[PDB]
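Sequences listed follow chains F, A, B, D and C, in order.
Residues 92 to 164, 175 to 385 in the entry's author numbering are what the first sequence lists, from first letter to last.
Numbers in the entry's author numbering are just positions in the second sequence, counted from 1, shifted up by 6.
Numbers in the entry's author numbering are just positions in the third sequence, counted from 1, shifted up by 6.
Numbers in the entry's author numbering are just positions in the fourth sequence, counted from 1, shifted up by 6.
Numbers in the entry's author numbering are just positions in the fifth sequence, counted from 1, shifted up by 6.
Virtual Cβ for every residue (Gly too), placed ideally from N, Cα, C.
Scroll down for the structure; my scribbles are underneath it.
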Amino acid sequence: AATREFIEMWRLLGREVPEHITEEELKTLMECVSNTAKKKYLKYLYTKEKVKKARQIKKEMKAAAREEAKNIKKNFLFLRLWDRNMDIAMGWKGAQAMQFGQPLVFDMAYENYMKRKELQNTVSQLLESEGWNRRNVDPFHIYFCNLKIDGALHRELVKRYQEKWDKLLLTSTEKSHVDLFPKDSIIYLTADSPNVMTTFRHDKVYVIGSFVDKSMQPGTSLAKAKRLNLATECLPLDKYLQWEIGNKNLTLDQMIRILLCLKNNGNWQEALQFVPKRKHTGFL
Amino acid sequence: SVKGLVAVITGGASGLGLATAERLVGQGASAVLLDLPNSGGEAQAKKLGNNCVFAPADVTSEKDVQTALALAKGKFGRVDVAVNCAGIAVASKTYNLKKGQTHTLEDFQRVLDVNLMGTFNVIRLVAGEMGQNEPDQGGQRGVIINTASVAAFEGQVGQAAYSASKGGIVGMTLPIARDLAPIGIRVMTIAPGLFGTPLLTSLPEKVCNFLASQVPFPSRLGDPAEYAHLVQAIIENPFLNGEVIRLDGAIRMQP
Amino acid sequence: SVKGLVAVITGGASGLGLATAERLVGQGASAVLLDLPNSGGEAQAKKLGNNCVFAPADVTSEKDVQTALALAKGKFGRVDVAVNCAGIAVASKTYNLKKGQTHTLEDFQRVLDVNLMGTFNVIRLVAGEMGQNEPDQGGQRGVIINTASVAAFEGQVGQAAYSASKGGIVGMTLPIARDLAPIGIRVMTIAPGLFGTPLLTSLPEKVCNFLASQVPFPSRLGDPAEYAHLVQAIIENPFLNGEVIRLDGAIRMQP
Amino acid sequence: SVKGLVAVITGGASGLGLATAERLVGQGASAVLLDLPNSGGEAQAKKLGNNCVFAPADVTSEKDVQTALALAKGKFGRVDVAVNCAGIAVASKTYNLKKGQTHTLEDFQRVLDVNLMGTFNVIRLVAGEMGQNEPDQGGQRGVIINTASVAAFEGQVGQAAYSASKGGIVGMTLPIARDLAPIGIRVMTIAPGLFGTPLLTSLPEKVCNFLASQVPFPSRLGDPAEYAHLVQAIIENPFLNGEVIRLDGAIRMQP
Amino acid sequence: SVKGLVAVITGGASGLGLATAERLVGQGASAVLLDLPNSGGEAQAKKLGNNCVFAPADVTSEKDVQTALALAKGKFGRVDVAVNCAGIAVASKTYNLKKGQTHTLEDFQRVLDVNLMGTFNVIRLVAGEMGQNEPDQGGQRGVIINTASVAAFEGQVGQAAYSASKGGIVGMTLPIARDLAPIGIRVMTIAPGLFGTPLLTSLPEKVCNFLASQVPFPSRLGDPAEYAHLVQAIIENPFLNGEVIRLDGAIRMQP
RNA sequence: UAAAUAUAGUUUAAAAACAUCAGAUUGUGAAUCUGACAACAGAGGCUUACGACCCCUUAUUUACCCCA
Ligand SMILES: *O[C@H]1[C@@H](O)[C@H](n2cnc3c(=O)[nH]c(N)nc32)O[C@@H]1COP(=O)(O)OP(=O)(O)OP(=O)(O)O
Ligand SMILES: C[S@@+](CC[C@H](N)C(=O)[O-])C[C@H]1O[C@@H](n2cnc3c(N)ncnc32)[C@H](O)[C@@H]1O
């Protein structure tokens with residue numbers, strides 16, 4: 092394609108472009124319909140390869156430092182199998198959670214409104230979210246709702262989880278949350294909700310929108326939560342935090358960590374400790 | 007050798023009971039399938055051939071078990087083996103402070119009735135039937151095999167009712183063995199672990215697969231055929247009495 | 007220390023329950039005697055003084071236990087300890103071939119109801135009451151102590167019903183301990199052997215004295231006071247959980 | 007089936023080992039008799055035919071067991087089953103106040119060495135041999151069966167050393183089962199009670215006759231053939247792992 | 007009460023032994039710290055005051071224990087309580103197929119020697135010393151308390167040697183209790199779970215935090231003080247004999 | 001309306017540190033190894049280049065109160 096030759100002249104001009112581009116990424120260069128959009132894409136690949144190089148250089152630096160250390164160089178109760186045993190322990194908790202645990206829903210109905218960039222970030226955030234849930238003392242029973250089998254978000258989840266996808270102790274279904282739970286016990290979380298969250302309710306199912314809208318579309322979570330007559334709630338960020346800068350729409354990982362410690366009989370202060378510190382200047 | 011033995015298998019229309027029936031009938035035993043009328047045991051009895059019959063009975067009911075045992079006497083003339091495989095469970099926590107949920111007393115009663123009281127009902131009634139047998143060369147009149155679970159030892163969260171009922175069967179194995187020892191009936195208990203039974207398959211697929219992986223070896227769900235094999239081994243072995251055998255592949259249940 | 011603890015003791019009008027009440031009240035605990043209305047628990051409550059009250063309740067009935075627990079909340083404000091000492095036995099053989107007598111199913115049911123179903127009924131209801139407590143420094147909300155028997159392990163002839171019920175309590179100790187562990191309630195089981203309880207002293211002198219002599223050491227019947235001591239020890243030790251402690255003087259019951 | 011399996015049977019020149027060898031060889035297995043040089047195992051090996059060989063070894067000695075295992079590899083090409091039947095007992099009281107007689111520490115050591123340390127020595131060395139096997143369809147490489155006793159649970163007076171050694175085998179069954187589970191080796195323990203072995207014949211005729219009578223059912227000494235049957239059942243059953251099976255005819259040893 | 011009792015505490019210079027010594031001496035008992043010469047036992051004995059002395063001894067050695075017991079008789083005049091807390095632990099897999107590593111026989115021997123043979127050595131020798139005591143009102147001469155582990159029941163991977171030794175102590179508790187019952191010595195076993203003993207607290211903070219979280223309730227490592235409390239409870243309770251008490255906070259060790 | 005302001009895991013800095021994910025039966029520096037993910041609000045421009053410079057959108061904060 093002409094794009095392969097196209098990038099050549101951009102390389103000469105030194106517009107922050109990386110050394111080589113994989114054929115996969117060539118396809119995504121065709122997607123960009125603007126010079127400006129191409130610029131933002133090339134810069135991302137430029138910084139990506141730079142960090143790859145720096146990490147590798149720091150890697151083999153460590154490897155060379157480790158091998159020279161080896162040259163320089175009892176009654177135990179336990180073998181060192183802690184990482185293995187922890188994974189098993191977290192497994193047992195996950196199975197228990199799937200039977201008895203409180204539901205928590207991620208709504209995956211937002212693929213349409215997201216671009217490729219935002220879609221990977223959602224999956225990155227989902228990965229972190231499930232992790233914090235896994236490692237918790239009282240895990241949520243995590244539901245992936247409105248997840249198409251052949252969808253982009255499903256395809257991306259499978260890639261990041263590999264064989265672990267099948268073995269994850271969460272429920273993924275193409276069905277909606279209104280189909281799985283009584284409609285009265287569903288509280289949809291969104292920053293745009295007029296209703297403030299006063300206390301964490303253990304009888305309620307909370308729905309979190311799997312939506313990273315860097316290109317901000319306000320009210321989309323609220324619109325879904327109104328089309329289906331669901332209750333909406335927003336976090337008491339205004340009440341407890343001195344908001345100065347930043348978006349009040351938090352990331353998924355932050356949301357779950359706020360809920361997890363709310364569920365675990367914490368107060369709002371302990372909960373809002375996960376709210377990015379750059380966004381507020383203390384508790385009021 | 008189990009050729010020419012009549013086994014009354016409780017809950018024999020599915021699960022571990024059906025597996026026991028299949029094996030025993032294959033080895034030349036006669037089987038009576040004692041399950042509920044709706045259990046579809048008639049199809050199973052028809053499948054197994056002439057040497058298997060279906061007796062519709064609730065194990066909690068004395069009248070039902072008596073009628074079923076009478077059917078066995080009518081058809082096959084005697085009873086040599088009783089296998090108790092009838093079982094229900096509930097997954098309910100004793101108390102959930104968060105949700106303000108207490109375990110229902112009715113749930114506890116219903117599980118105890120079927121598992122514990124049902125097993126005892128069969129035992130006390132089949133002991134009468136087995137008592138009428140003339141002793142063999144070894145002085146044996148019958149073998150009674152009960153199914154507990156590993157829940158009797160390592161019960162998970164929400165298994166309180168199930169563990170209580172299975173604990174009861176483990177408890178009363180030895181007393182009953184000592185009771186029936188004069189009249190030459192052997193009482194034995196099997197404690198299956200994770201088997202491919204309807205009880206376990208009712209769990210989420212992801213939870214089942216995890217539980218399978220947690221078995222040391224082999225890392226799979228217990229084949230019901232393996233329970234049938236152990237049943238035959240107990241019947242054949244004259245000197246197995248008053249014991250619980252854990253058939254679990256060396257698994258211990260974590261909470 | 008057990009100073010200022012409120013103990014709900016079931017079957018507290020006699021036997022091991024009364025012994026527990028006497029000791030706990032002496033050590034500065036408040037006790038609720040939960041026994042049947044006719045058990046003469048009112049006299050016992052009056053004897054023990056101000057820090058003991060009588061709650062007439064049947065342990066099998068949810069309503070009765072709820073009313074009794076409410077009485078505890080009214081009088082003392084909270085519940086810290088539950089001791090399950092209420093229990094009956096029947097001495098009936100499963101089947102005796104000679105005289106052709108079968109264990110009656112009603113007798114089996116009645117023993118199960120009081121021992122197993124009654125214990126569980128108290129547990130599930132006291133867990134609610136204990137749940138309402140603020141955690142102490144150690145995160146503990148309550149201790150639940152159940153009474154099984156050595157019959158749970160080695161039952162004598164004619165103890166099938168009793169062994170089943172006691173087997174159930176031993177079975178379900180661990181599941182319930184795991185259930186209530188998040189809440190911070192410890193579940194413990196004591197398995198007494200032959201104690202000088204009213205039930206044993208009622209038996210013929212020849213039979214009692216022989217059974218006493220068969221205890222390795224000390225060669226005597228268990229003093230109920232010793233049961234009370236072990237109860238206090240369990241309450242005081244905040245690391246005893248999900249275990250059955252055999253208080254039998256090293257006796258194993260012969261067939 | 008056990009057709010074409012190679013069993014290394016420890017203490018195979020007499021008692022429960024020989025019974026196991028007889029049965030396994032009859033069912034078409036190849037056996038290695040691992041016993042002491044003087045045990046007369048050569049006659050037994052000659053009697054059992056081509057499919058049985060005698061390997062003189064002391065089980066406490068690593069060199070001896072290695073040579074014996076090498077003989078098995080040479081002759082039969084692999085090792086599939088290990089049965090640990092080798093054992094000694096000493097009948098000495100811990101302390102006799104009347105006579106001022108103390109249990110000899112050497113006696114305790116000698117019993118531990120043969121029963122516990124000998125069993126472990128075989129296990130750790132045969133696990134190496136079994137490890138070299140290609141997994142079958144079920145992923146199984148080998149079965150290791152150990153012989154404890156009912157002494158492990160209810161030890162008689164003067165069986166402190168014997169109970170300690172048998173307690174050790176019961177203890178370490180599960181850890182070893184978990185150890186070898188990745189490899190695909192099943193570890194199982196049988197706990198015989200009162201078998202008609204030469205050891206028990208060595209007791210007075212009056213005492214043996216009494217012990218036989220004290221077995222609930224059947225009221226006789228365990229036939230070694232019954233031990234062999236249970237061994238075969240364990241080998242055949244893919245899902246028996248990390249368990250102790252009491253083969254005692256429902257007897258509990260009184261003090 | 008434990009006022010005026012002389013306790014010989016084995017491994018008393020650290021861990022659960024020292025905790026037992028601290029409590030007993032505080033309650034007005036006299037203690038003999040029986041530990042290795044190189045343990046900081048002399049400083050511990052000096053710290054505990056006049057009612058505590060240090061006896062340097064190896065528990066495996068008969069001569070050493072005899073000299074230590076003689077020191078107890080010299081200083082305090084008698085021996086009433088023996089607490090066996092001496093132990094070592096080893097983490098070795100039975101066989102590692104990947105690395106071709108076999109468990110060393112010497113490792114197995116040395117663990118057995120200290121844990122099992124050492125405990126028995128103390129028991130048999132203290133029983134002599136306790137035998138010389140005049141019986142109290144209850145006919146009791148002494149109490150012997152042994153420390154097993156939960157490894158005796160659920161041993162993890164690499165705990166084969168440790169589980170064998172702890173299994174042995176659990177096994178031989180009842181035989182020895184029956185042995186010493188005529189003399190009037192009570193034998194009891196405690197089976198601690200995860201305690202803040204030196205070998206656990208040495209671990210990384212992440213590993214400790216995980217171990218704490220594994221315990222159902224309380225979600226913390228066992229304080230050695232809790233072990234001391236249970237020791238005192240056993241000494242005070244006349245009717246606790248021939249039993250293993252699991253002090254584990256309801257934990258079952260996963261593979 | 002005007003101003004600053006906007007780090008999608010968190011900070012700091014003007015790229016790192018700490019985190020995340022998958023694999024691992026680890027002999028107790030696994031205190032590791034092999035991979036995955038790497039986008040300073042968003043869109044479009046200008047320029048040799050830039051996170052500067054322009055513009056729009058959304059959002060935050062504050063000020064204003066609307067043409068006082
Ligand atoms: O141009 C501004 C301005 O005239 C007016 N406005 C709104 N808030 C303020 C304020 O605090 N101070 C001043 N001086 N002026 C203010 O609103 C105009 C902007 O309105 P838009 O046309 O952008 O949006 P609109 O209100 O029509 O939006 P919507 O509410 O219908 O969605
Ligand atoms: C970044 S937000 C998505 C923003 C989207 N424009 C919307 O309208 O919600 C991702 C999810 O986190 C949750 N969330 C984030 N901030 C929240 C807040 N302040 N209150 C409640 N829920 C919040 C919501 O469930 C939301 O769908």
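Taking residue 109(D) as the centre and dropping the five residues before and after it, the same chain places the C-beta of 98 and 100 closer than 6 Å to its C-beta, in chain order. According to the DSSP secondary-structure assignment, residue 153(C) is paired through a beta bridge with 196(C). Residue 175(B) is not a Cβ neighbour of residue 236(B), given a cutoff of 8 Å. In the three-state reduction of the DSSP assignment, residue 230(F) falls in the helix class. Annotation: the continuous alpha helix (DSSP H) that includes residue 280(F) extends over 278-281.
Relative to the non-hydrogen atoms of ligand 2, the Cβ of residue 197(D) never comes closer than 7 Å to any of them. Residues of chain A whose Cβ lies closer than 7 Å to the Cβ of residue 253(D) are, in chain order, 245 and 246. In this structure, 244(C) is the residue among 244(C), 223(C) and 239(C) with its C-alpha nearest to the C-alpha of residue 227(B). At a cut-off of 8 Å between beta-carbon atoms, residue 192(A) makes contact with chain D. In the DSSP assignment, residue 216(B) falls within the alpha helix (DSSP H) that extends over 211-219. With fewer than 16 neighbouring CB atoms inside 10 Å of its own CB, residue 214(F) falls in the exposed class. Among the CB atoms of chain C, one or more fall inside 8 Å of the CB of residue 160(D). Here residue 249(D) is buried, its C-beta having at least 16 other C-beta atoms within 10 Å. Using a cutoff of 7 Å, the CB of residue 350(F) counts as near ligand 2, since one of the ligand's heavy atoms is closer than that.
C-alpha of residue 42(D) to C-alpha of residue 130(D): approximately 19 Å in a straight line.
Between the C-alpha atoms of residue 28(D) and residue 217(A) there is a straight-line separation of about 39 Å.
When only Cα atoms are considered, residue 85(D) and residue 36(D) end up about 9 Å apart.
Under a criterion of Cβ atoms nearer than 7 Å, the residues of chain C adjacent to residue 223(B) are, in order, 187, 190, 192 and 247.
The C-alpha of residue 34(C) lies about 15 Å from the C-alpha of residue 239(C). In the structure shown, residue 93(B) falls within a coil segment according to DSSP collapsed to helix, strand and coil. At a cut-off of 8 Å between C-beta atoms, residue 84(C) does not count as an interface residue with respect to chain D. Any Cβ of chain B closer than 8 Å to the Cβ of residue 258(D) would place that residue at the interface, and such an atom is present.
The beta carbon of residue 215(F) sits no closer than 7 Å to any heavy atom of ligand 2. In the DSSP assignment, residue 254(D) is bridged to no other residue. Shown here for residue 384(F): same chain residues with a beta carbon closer than 7 Å to its own, the five before and five after excluded, namely 341, 342 and 370 in chain order. Contact residues of the segment 88-102 of chain C toward chain F are 94, 95, 96, 97, 98 and 99 (C-beta to C-beta distance below 9 Å). For the pair residue 345(F) and residue 291(F), the CB atoms are not nearer than the 8 Å cut-off. Secondary structure of residue 98(F) (DSSP, three-state): helix. Annotation for residue 36(B): the continuous beta strand (DSSP E) segment containing it runs 36-41. Put simply, of 211(A), 203(A), 154(A) and 160(A) the residue whose alpha carbon is nearest the alpha carbon of residue 178(A) is 154(A). With a threshold of 8 Å between beta carbons, residue 180(F) makes contact with chain C. By the neighbour-count criterion, in which a residue is buried when 16 or more other Cβ atoms sit within 10 angstroms of its Cβ, residue 169(A) is buried. Near chain A, meaning a CB-to-CB distance below 9 Å, the residues of the segment 303-329 of chain F are 303 and 304.
For residue 102(C), the three-state secondary structure derived from DSSP is strand.
Not one heavy atom of ligand 2 is found less than 7 Å from the C-beta of residue 89(A).
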